[PDB]
């Protein structure tokens, strides 16, 4: 392309190079733009940003977040990555997308600008006639990228001092556990090494091996294996506790306080829009979609996520969402009726599991039942089921039989979905998001059946994903108008931050928007909590 002076005309595609992948932490090393057979290279990248009306091109959101960081209201526009992702969600990297749709991802801004331009042209052409994918792009993905940019640049507050204090207490407990483990082993070793631990458990103490690892076929020391061996030797329970504590310390307690951004004094994640096979978002650098909540220490960590002073967190979470979605997709009367009657399948399963009335079910019981309900729905084996429930194999089988016998049309929907997946080569969500699954026609049964579970899950999980995205796009402008902030999405949950005086009003509005987003054959219900911290917000 003919080189030309900065700035570019309106509608130009941008290319840019960052010192690191995370836009909140990156230095903008170079910036260029391409349009109408011209390439414009910016002599001063930061200053040049103010000349742009929007960020249009590959990874548009990243440039937008950096702009927002610098106090510039630069929104993201067209991004070929989003087009490619909609065509085929295995399109997840600019490297792959460039190669596939007409170019090469290099480390030069001008070349990236030019690449963005021609990729958009090509990919736009491919989405012609694809009216549903086009709808998703214009009505969901493109606007959502703006929403996500603001969320990333906003960040969330973290009680750093608290976490620092927590680290020392956890360190002392870890020392206590490991010392005990070493005594029981008769000698010290690296307890963080599963290879060393395998030798101690199965060769030195005698313990019977139960399972093997996938790629290298070592004797597994996973929690599932250790659970089965809890009553075989005292060292086992000690290892399980050590694992729990060290996992939380190494992954959350220690890293997170070090990631507070110096300017904002908050913690900033990345919400990746083209990262999953089903249409879910992912979160990275750091991942804020897997903050602990199940165990006591886990809850203490979640409490470190706090509202700004004078503000409150609002947490909203769709109730039994994939089950409701399944009701709609399958059209099963029995399942639809369950939700019309305001029933809770997680609580009911829980009451059965622990053998107590539905009123006796506590949160941890219900949560346990959640794993069981979705586990069974998406093809869990009776053997695994029996093992995790410590009930005979025969009982496990029976629960799985009643589960489906309760809801006749679910299996019917599955069969139809798989048949159609085999025919077209892909499956799709309610809104037409696609996932290609060639292995539905695999000649190896284990490979084929794995593919089948992926395939019939995707329309359900993906539809739920689409609904949340649509809800975020509708909700965002309403929140702006109320002076509230959208902070995090956790799959079927949103976390907002609102001034205390308005927090209740914001909660009510957000709930109604989420419930009214796209009516199904069953009501959508959203549970909402308000609190000074994320854990308190979830009640």
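Numbering follows the first chain given and starts at 1. Heads up, when I say rigid core I mean the largest set of C-alphas that superpose within 1.5 Å between the two forms.
Averaged as a root mean square over residues and superposed structures in 8 other deposited structures of this protein, CA distances to the shown form are larger in 389-397; the pair compared was 389-397 and 455-463 with a core fit.
In terms of root mean square C-alpha deviation after superposing on the rigid core in 8 other deposited structures of this protein, the stretch standing farther out between 236-244 and 350-358 is 350-358. Taking the mean C-alpha B-factor of each stretch as recorded, 381-389 and 136-144 are not equal, and the higher mean is that of 381-389.
Legend: mean Cα B-factor per stretch from the PDB entry, 314-322 versus 257-265; the higher mean is in 257-265. Across the residues 129, 286, 292, 279, the deposited record lists the maximum Cα B factor for 129.
Across the options 333, 214, 195, 178, the residue with the most elevated CA B-factor in the record is 333. Ranked by C-alpha B-factor against the other modelled residues of its chain, residue 50 falls in the highest third. Residue-level temperature factors show residue 56 in the middle third of its chain, judged at the C-alpha atom. Residue 424 sits in the highest third of its chain by CA B factor, as recorded in the PDB entry.
Among the modelled residues of the chain, residue 44 sits in the highest third by CA temperature factor in this PDB entry. Among all modelled residues in its chain, residue 491 ranks in the lowest third by Cα B-factor.
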